[PDB]
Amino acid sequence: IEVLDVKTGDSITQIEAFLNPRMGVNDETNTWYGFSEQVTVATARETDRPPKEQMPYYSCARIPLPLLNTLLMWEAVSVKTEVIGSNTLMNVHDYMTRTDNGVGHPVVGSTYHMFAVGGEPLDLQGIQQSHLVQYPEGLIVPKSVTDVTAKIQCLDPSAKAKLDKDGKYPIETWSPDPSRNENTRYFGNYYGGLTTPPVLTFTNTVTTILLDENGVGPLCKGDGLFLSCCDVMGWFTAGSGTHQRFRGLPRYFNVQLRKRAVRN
């Protein structure tokens, strides 16, 4: 594709969306929405059979764009994105673990943040901590696309997929593919540990540039804008025991798009 000049003047639009987290309890009518079910630990490598509701997933949405049609395409220039609800973790009166008469123990542990903006679905590369996990039916996992062997514990280049279903691609089996995603920008960070404190910043003043080194943003070839994210804040522990749940937060996107002339 030949990328020609930007249009000027009617030539800009803003697309906003909130994506809700898909932490395992993905049903908005369930009392534990925004969390996983209680995590259970395998008795052996060969008996590792996690239920769908115990794992966190990627969130994704395709936003329809105004129709345009040289050819014109919407070009994503920049995004303001925000993870909403760190303030909710300041609740330490809920039914939580307690030391003596101290406050309820807040959400802590491993965190995983990523967002992406693109003109087509996010490209995913499969990879697993254990090749022996028996994933439940009704997900997309590396077994969905290739023969799973010990190679999946490193880089098996046959384990390719696209993020095309909200709440069904587990984060534990799928990474953004750095060998593809020519038409997507993705950003993420991971911080491990069992009891690590979570960290978040929030503002409406920070713009993420989506232009590549040539000044070109993602091009929305199909009249669709693709938003993807995951925002795991750590584990919650209810006062009913020592079982833990993943806790995730929603993410806002406000994407600025401009009309770009193109030729095949």
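Throughout, we count residues from 1 along the sequence that is shown.
- Unmodelled residues of the deposited sequence between neighbouring positions residue 9 and residue 10 number 1 to 3.
- In this entry, no coordinate-free residues of the deposited sequence separate residue 43 from residue 44.
- Look at the mean CA B-factor for 108-116 and for 132-140 in the entry; the higher one is 132-140.
- For the pair 46-54 and 226-234, the record assigns the higher mean C-alpha temperature factor to 46-54.
- Of the candidates 100, 75, 123, 172, the PDB record gives 100 the highest C-alpha temperature factor.
- In this PDB entry, the Cα temperature factor of residue 17 sits in the middle third of its chain's modelled residues.
- In the PDB entry, a CA B factor belonging to the highest third of its chain's modelled residues is recorded for residue 164.
- In the deposited entry, the Cα temperature factor of residue 31 places it in the middle third of its chain's modelled residues.
- The entry lists a Cα temperature factor for residue 177 that places it in the lowest third of the chain's modelled residues.
- In this PDB entry, the Cα temperature factor of residue 240 sits in the top third of its chain's modelled residues, the highest group.
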